[PDB]
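Everything on this sheet refers to the single structure shown next.
Protein chains in written order, with the entry's author numbering: chain A, 219 to 270; chain B, 219 to 270.
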């Protein structure tokens, strides 16, 4: 049950972090999120779980 | 709460279906699954929800 949680992540075109995203799937060292209208997979090592 | 469900999917190298997979995320016309030890996203139009 994920309440209001946000996630930041780095892109492959730039080691800088990217805007916040929505946390959907959560299990091993991987987290599925959604920034625009497209869901993608991001290694947990390149994502950070922030609270809202 | 996904009980025991399997999913088949076509690869981009061949329009033929691929072995069964595990159903994890389920929402819009997209379904996250896991065949080997790697989770990926597959359009619902290229996946089929089978029961186990």
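Where is the CB? At the ideal position from N, CA and C, for every residue including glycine.
Distance between residue 237 of chain A and residue 229 of chain B, taken at the CA atoms: about 31 Å. The straight-line gap separating the alpha-carbon atoms of residue 221 of chain A and residue 244 of chain A is approximately 13 Å.
Going by DSSP, residue 221 of chain B is part of no beta strand (DSSP E) at all; its letter is neither H nor E. Residue B:261 holds the alpha-carbon nearest to the alpha-carbon of residue 249 of chain B among B:235, B:255 and B:261. Residue 231 of chain B carries a coil assignment under DSSP once its states are collapsed to helix, strand and coil. By the criterion of a C-beta distance shorter than 7 Å, residue 270 of chain B is surrounded in its chain by 222, 223 and 224, once the five residues flanking it on both sides are discounted.
Annotated as proximal: residue 257 of chain A and residue 259 of chain B, with beta-carbon spacing under 8 Å. Only those residues of the segment 240-251 of chain A whose C-beta falls short of 7 Å from the nearest C-beta of chain B are listed: 242, 243, 248 and 250.
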